[PDB]
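A short write-up of the structure that comes next.
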Amino acid sequence: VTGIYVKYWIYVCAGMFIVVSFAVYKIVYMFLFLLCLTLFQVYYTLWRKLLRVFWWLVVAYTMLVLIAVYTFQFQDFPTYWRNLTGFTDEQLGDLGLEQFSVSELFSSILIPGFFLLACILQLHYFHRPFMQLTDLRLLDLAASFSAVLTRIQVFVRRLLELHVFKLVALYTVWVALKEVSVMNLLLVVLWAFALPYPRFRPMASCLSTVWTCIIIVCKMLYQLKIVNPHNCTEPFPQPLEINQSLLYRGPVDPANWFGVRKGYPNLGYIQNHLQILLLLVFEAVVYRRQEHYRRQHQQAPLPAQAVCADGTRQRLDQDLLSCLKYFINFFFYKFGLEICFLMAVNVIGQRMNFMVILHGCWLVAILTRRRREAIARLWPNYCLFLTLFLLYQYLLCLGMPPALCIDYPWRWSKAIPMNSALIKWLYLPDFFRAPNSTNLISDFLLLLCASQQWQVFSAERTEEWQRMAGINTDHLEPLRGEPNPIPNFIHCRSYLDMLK
């Protein structure tokens, strides 16, 4: 058969490290996650050195298997003697391979038992895999439908070349708002400047690969240091059940404002940033796969970024199929401002708060300027105010930290006390009625749509892609002998013209 070219991928070797990282709760397990994070950052920095890195990872897994092998007998007492006054029965004893010798020792020996064999397999197959990832009526229907699958493969890959930085940005904000969990405010800041700014796109992805792995280590390193060394007795004279919700009810974890909660599954607390790091590495993989095709052929289909380059502005008036291709690759090109106005209404749709009154008022400040140029004279100023408004919105819900028992200044009530809903309708950062940030993802969508609307406004400046999908000025032709940019279409003689 000789079909061993599919069994040369390092993805199973990467997944075995995380499968051995979970279950367990030792300090040796952080070394495997630091190795996967360093390999991910090496995938975001420079290739052609991961073979020796995998050899050192096999050496580190061999050292971990040797550390598990040395603690089979009663040598931990000698390890506590050899420890330079740092054993303390948990600094070297909890993570020091407490052998149960029934089934936990079997699980802890079989966890690295597959990883060591996968390390030897990756050491034997590192030369063939670095050859592809570098600079080098049955059979007829099977080959033809496989060729159709390769056409769909290039179609999906070209559509997944772009439109993934938006998807990674959506998932990072979905993470950073479903769980607020500050120290991911750097992710909110980096992506809210990655979307409008063109040159900051590859710089923010690399820094996100750095800072998320910092958060991964800072969400792994909580095993033994308990909450009790690291609250808020109530003043009884603003609502009646004010001593039930956040501050003056429970002892406030001071690092919970910094995003520290040691959970019981020990992966489900970390699935969010793990999937963020997977999407960042996959975002790197897709662009590298584009240069893997660029070594053989071209990756400039059109001047503007596009899929299925056959559909022109002129081939648009031919058939249903070219019209479908044209409104695949230039749909947001033509109908961008309409979608941006709709997503502004979407923000007003789910929120209906006091700070979205700003969105309605600046929407009228756009829509009174009727023409496109009168919008374009103020559109970058509004988009920069928009991303500053989103960062202002995420800086709110914080105020002062809950570790400090000092309170928000709205129990003083300004001598006219408001209820628990006016502090919710107005976006007050409080602790009883916690203001919702999961409804802010529509506002991040609106920031995304205005971000690529900058490139749609740059199309009026650039002649560079006015051949395919030409001008979109809102000025028709009066006082004209014959305008005729399109032939007379009132009578059908087609299928696309009947729809037209």
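Ligands are numbered from 1 in the order shown, residues from 1 within each chain, and chains are lettered A, B, ... in the order they appear in the structure tokens.
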Which residues are near segment 111-120 of chain A? Cut-off 7 Å, only C-alpha atoms, ignore same chain within fewer than 2 positions. Put them as a compact mmCIF listing (two decimals) with N, CA, C and O atoms, in the first residue's frame.
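The resulting file, selection.txt, is reproduced below:
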# COMPACT_ATOMS: atom_id res chain seq x y z
N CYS A 13 1.82 13.33 18.78
CA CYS A 13 2.90 13.52 19.75
C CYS A 13 2.68 14.78 20.58
O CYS A 13 3.07 14.82 21.75
N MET A 16 -0.27 13.87 23.11
CA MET A 16 0.13 12.98 24.20
C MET A 16 0.74 13.74 25.36
O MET A 16 0.63 13.31 26.51
N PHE A 17 1.36 14.90 25.09
CA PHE A 17 1.92 15.72 26.16
C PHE A 17 0.82 16.32 27.02
O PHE A 17 0.93 16.34 28.25
N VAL A 20 -0.84 13.54 29.04
CA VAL A 20 -0.07 13.24 30.24
C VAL A 20 -0.04 14.42 31.20
O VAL A 20 0.25 14.23 32.39
N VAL A 58 12.38 14.59 24.46
CA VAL A 58 12.54 13.17 24.75
C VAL A 58 13.51 12.97 25.91
O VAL A 58 13.34 12.05 26.72
N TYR A 61 11.48 13.90 29.02
CA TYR A 61 10.58 12.81 29.35
C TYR A 61 11.33 11.60 29.89
O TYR A 61 10.80 10.86 30.73
N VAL A 65 10.75 10.04 33.56
CA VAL A 65 10.60 8.61 33.79
C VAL A 65 11.67 8.11 34.76
O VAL A 65 11.42 7.19 35.55
N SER A 107 -1.07 3.99 36.83
CA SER A 107 -1.48 5.09 35.96
C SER A 107 -0.34 6.07 35.74
O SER A 107 -0.14 6.56 34.62
N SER A 108 0.43 6.37 36.79
CA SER A 108 1.54 7.30 36.66
C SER A 108 2.72 6.71 35.90
O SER A 108 3.56 7.47 35.40
N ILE A 109 2.81 5.38 35.80
CA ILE A 109 3.84 4.78 34.98
C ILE A 109 3.37 4.57 33.54
O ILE A 109 4.20 4.57 32.62
N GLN A 122 8.79 9.81 17.34
CA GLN A 122 9.05 11.12 16.77
C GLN A 122 10.54 11.34 16.52
O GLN A 122 10.90 12.10 15.62
N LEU A 123 11.40 10.70 17.31
CA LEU A 123 12.83 10.79 17.05
C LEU A 123 13.22 9.99 15.81
O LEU A 123 14.19 10.34 15.13
N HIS A 124 12.49 8.91 15.51
CA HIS A 124 12.78 8.13 14.32
C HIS A 124 12.12 8.69 13.07
O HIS A 124 12.54 8.36 11.96
Find the residues of segment 319-396 of chain A that sit at most 9 Å from segment 427-444 of chain A; for each, write down the nearest two atoms and how far apart they are in Å, to one decimal. Count only C-alpha atoms. Sort by chain, then by number going up, and give it as a Markdown table.
| residue | atom | partner | partner_atom | distance |
| --- | --- | --- | --- | --- |
| A:343 | CA | A:442 | CA | 7.4 |
| A:344 | CA | A:443 | CA | 7.7 |
| A:346 | CA | A:442 | CA | 6.7 |
| A:347 | CA | A:442 | CA | 5.6 |
| A:350 | CA | A:439 | CA | 6.7 |
| A:351 | CA | A:439 | CA | 6.6 |
| A:353 | CA | A:427 | CA | 6.9 |
| A:354 | CA | A:427 | CA | 6.5 |
| A:355 | CA | A:427 | CA | 6.8 |
| A:387 | CA | A:444 | CA | 8.6 |
| A:390 | CA | A:444 | CA | 7.4 |
| A:393 | CA | A:440 | CA | 8.5 |
| A:394 | CA | A:437 | CA | 7.9 |
| A:396 | CA | A:429 | CA | 6.0 |
(request) Pick out the closest residue to residue 302 of chain A from this set: A:482, A:464, A:179, A:283. Count only C-alpha atoms. (result)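 Counting only C-alpha atoms, the residue closest to residue 302 of chain A is A:464.
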(message) Restricting the calculation to only C-alpha atoms: of A:329, A:181, A:256, A:299, which residue gets closest to residue 312 of chain A?
(response)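 Among A:329, A:181, A:256, A:299, it is A:329 that comes nearest to residue 312 of chain A.
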(message) Please compute the atom CA of residue 32 of chain A-atom CA of residue 279 of chain A distance, one decimal, in Å.
(response)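 Straight-line distance from atom CA of residue 32 of chain A to atom CA of residue 279 of chain A works out to 19.5 Å.
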(message) Would you pick out the contacts of residue 487 of chain A at 12 Å or less, using only C-alpha atoms, so that residues sharing its chain but fewer than 4 positions from it are not included, and give the list as a ChimeraX atom specification?
(response) /A:314,317-318,482-483,491-492,497
(request) With a distance cut-off of 12 Å and only C-alpha atoms, select the neighbouring residues of residue 215 of chain A, excluding the residue or stretch itself and same-chain residues fewer than 2 positions from it, and output the selection as a count of residues only. (result) 32
(request) Kindly give the distance, in Å, that separates atom CA of residue 401 of chain A and atom CA of residue 267 of chain A, rounded to a single decimal. (result)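 Going from atom CA of residue 401 of chain A over to atom CA of residue 267 of chain A, I get 26.6 Å.
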(request) Identify, on the basis of only C-alpha atoms, every residue whose closest approach to segment 358-372 of chain A does not exceed 12 Å; exclude the query and any residue fewer than 6 positions from it along the same chain; express the result as an NGL selection string. (result) :A and (336-338 or 340-349 or 351-352 or 378-383 or 385-386 or 389-390 or 443 or 446-447 or 453 or 456-457 or 460 or 472-475)
Distance query segment 227-236 of chain A at most 7 Å, only C-alpha atoms, self and fewer than 2 positions along chain excluded, as a PDB file with N, CA, C and O atoms, in the first residue's frame:
ATOM      1  N   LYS A 225      -0.296  26.114  47.705  1.00  0.00           N
ATOM      2  CA  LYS A 225      -0.401  27.382  48.422  1.00  0.00           C
ATOM      3  C   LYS A 225      -1.872  27.747  48.582  1.00  0.00           C
ATOM      4  O   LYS A 225      -2.526  28.170  47.624  1.00  0.00           O
ATOM      5  N   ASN A 243     -25.686  41.923  51.906  1.00  0.00           N
ATOM      6  CA  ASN A 243     -24.657  41.106  52.533  1.00  0.00           C
ATOM      7  C   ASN A 243     -24.730  39.651  52.094  1.00  0.00           C
ATOM      8  O   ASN A 243     -24.410  38.747  52.877  1.00  0.00           O
ATOM      9  N   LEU A 247     -19.146  40.967  48.279  1.00  0.00           N
ATOM     10  CA  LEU A 247     -18.083  41.526  49.111  1.00  0.00           C
ATOM     11  C   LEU A 247     -18.211  41.096  50.561  1.00  0.00           C
ATOM     12  O   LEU A 247     -17.331  40.420  51.104  1.00  0.00           O
ATOM     13  N   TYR A 248     -19.303  41.492  51.207  1.00  0.00           N
ATOM     14  CA  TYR A 248     -19.457  41.310  52.641  1.00  0.00           C
ATOM     15  C   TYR A 248     -20.199  40.030  52.986  1.00  0.00           C
ATOM     16  O   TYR A 248     -20.840  39.950  54.041  1.00  0.00           O
ATOM     17  N   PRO A 251     -15.344  35.337  52.225  1.00  0.00           N
ATOM     18  CA  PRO A 251     -13.951  35.808  52.238  1.00  0.00           C
ATOM     19  C   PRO A 251     -13.415  35.921  50.817  1.00  0.00           C
ATOM     20  O   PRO A 251     -13.334  34.933  50.085  1.00  0.00           O
ATOM     21  N   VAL A 252     -13.070  37.143  50.428  1.00  0.00           N
ATOM     22  CA  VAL A 252     -12.718  37.440  49.043  1.00  0.00           C
ATOM     23  C   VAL A 252     -11.325  36.899  48.753  1.00  0.00           C
ATOM     24  O   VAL A 252     -10.358  37.243  49.439  1.00  0.00           O
ATOM     25  N   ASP A 253     -11.231  36.041  47.752  1.00  0.00           N
ATOM     26  CA  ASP A 253      -9.943  35.588  47.249  1.00  0.00           C
ATOM     27  C   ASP A 253      -9.264  36.767  46.564  1.00  0.00           C
ATOM     28  O   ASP A 253      -9.831  37.323  45.615  1.00  0.00           O
ATOM     29  N   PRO A 254      -8.087  37.209  47.022  1.00  0.00           N
ATOM     30  CA  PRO A 254      -7.476  38.401  46.413  1.00  0.00           C
ATOM     31  C   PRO A 254      -6.945  38.169  45.014  1.00  0.00           C
ATOM     32  O   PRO A 254      -6.864  39.122  44.231  1.00  0.00           O
ATOM     33  N   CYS A 405     -11.652  45.851  50.867  1.00  0.00           N
ATOM     34  CA  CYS A 405     -13.021  45.946  51.358  1.00  0.00           C
ATOM     35  C   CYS A 405     -13.605  47.349  51.233  1.00  0.00           C
ATOM     36  O   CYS A 405     -14.751  47.557  51.647  1.00  0.00           O
TER      37      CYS A 405
END
(message) Residues within 12 Å of segment 84-99 of chain A, please, as JSON, numbers by chain. Count only C-alpha atoms; anything in the same chain fewer than 5 positions from it doesn't count.
(response) {"A": [24, 25, 26, 27, 28, 29, 30, 64, 65, 66, 67, 68, 69, 70, 71, 72, 73, 74, 75, 76, 77, 78, 79, 104, 105, 106, 107, 108, 109, 223, 224, 225]}
(request) Taking the chain letters and numbering used in this document, name the residues of segment 457-491 of chain A that DSSP puts in helix (DSSP H, G or I), as a list in words. (result)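 The helix (DSSP H, G or I) residues within segment 457-491 of chain A come out as residues 457, 458, 459, 460 and 461 of chain A.
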Could those selected residues go to a file with N, CA and C atoms, as a short mmCIF file (atom, residue, chain, number, x, y, z; two decimals), in the first residue's frame?
data_model
loop_
_atom_site.label_atom_id
_atom_site.label_comp_id
_atom_site.auth_asym_id
_atom_site.auth_seq_id
_atom_site.Cartn_x
_atom_site.Cartn_y
_atom_site.Cartn_z
N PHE A 457 -13.20 51.56 3.07
CA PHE A 457 -12.99 52.97 2.78
C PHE A 457 -11.64 53.23 2.11
N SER A 458 -10.66 52.35 2.28
CA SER A 458 -9.40 52.53 1.58
C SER A 458 -9.50 52.14 0.12
N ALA A 459 -10.54 51.38 -0.24
CA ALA A 459 -10.77 51.03 -1.64
C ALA A 459 -11.06 52.25 -2.51
N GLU A 460 -11.71 53.27 -1.94
CA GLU A 460 -11.92 54.51 -2.67
C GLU A 460 -10.61 55.23 -2.93
N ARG A 461 -9.64 55.09 -2.03
CA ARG A 461 -8.33 55.67 -2.23
C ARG A 461 -7.52 54.89 -3.27
#
(request) Can you work out which one of A:250, A:303, A:202, A:263 has the shortest atom-to-atom distance to residue 287 of chain A, counting only C-alpha atoms? (result)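 Closest to residue 287 of chain A, using only C-alpha atoms: A:202.
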(request) Report the distance between atom CA of residue 425 of chain A and atom CA of residue 191 of chain A in Å, rounded to one decimal place. (result)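 Answer for the atom CA of residue 425 of chain A to atom CA of residue 191 of chain A separation: 27.3 Å.
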For the interface of segment 4-83 of chain A with segment 130-137 of chain A (cut-off 12 Å, counting only C-alpha atoms), please tabulate each contacting residue of segment 4-83 of chain A alongside its nearest pair of atoms and their separation in Å to one decimal, rows sorted by chain and increasing number, as CSV.
residue,atom,partner,partner_atom,distance
A:5,CA,A:132,CA,9.8
A:6,CA,A:132,CA,11.3
A:8,CA,A:130,CA,9.5
A:9,CA,A:130,CA,9.8
A:10,CA,A:130,CA,10.3
A:43,CA,A:133,CA,11.7
A:46,CA,A:134,CA,11.8
A:47,CA,A:134,CA,8.7
A:48,CA,A:134,CA,7.9
A:49,CA,A:130,CA,10.1
A:50,CA,A:130,CA,9.2
A:51,CA,A:130,CA,8.3
A:52,CA,A:130,CA,12.0
Limited to C-alpha atoms, could you put the picked residues into a file as a PDB file, in the first residue's frame?
ATOM      1  CA  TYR A   5       2.808   9.501   4.395  1.00  0.00           C
ATOM      2  CA  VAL A   6      -0.282  10.261   6.488  1.00  0.00           C
ATOM      3  CA  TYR A   8       4.126  11.293   9.816  1.00  0.00           C
ATOM      4  CA  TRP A   9       2.356  14.118  11.681  1.00  0.00           C
ATOM      5  CA  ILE A  10       3.480  15.390  15.085  1.00  0.00           C
ATOM      6  CA  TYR A  43       6.078  27.831  15.925  1.00  0.00           C
ATOM      7  CA  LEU A  46      11.163  30.422  13.803  1.00  0.00           C
ATOM      8  CA  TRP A  47      11.038  26.880  12.427  1.00  0.00           C
ATOM      9  CA  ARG A  48      13.924  24.488  11.538  1.00  0.00           C
ATOM     10  CA  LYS A  49      15.046  23.927  15.135  1.00  0.00           C
ATOM     11  CA  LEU A  50      12.228  21.741  16.514  1.00  0.00           C
ATOM     12  CA  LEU A  51      14.044  18.455  15.842  1.00  0.00           C
ATOM     13  CA  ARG A  52      16.659  19.140  18.523  1.00  0.00           C
TER      14      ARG A  52
END
(request) Pick out the closest residue to residue 291 of chain A from this set: A:324, A:304, A:174, A:158. Count only C-alpha atoms. (result)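 Smallest separation from residue 291 of chain A among the options: A:158.
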(message) Nearest residue to residue 278 of chain A out of A:484, A:60, A:330, A:171, using only C-alpha atoms?
(response)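 Closest to residue 278 of chain A, using only C-alpha atoms: A:171.
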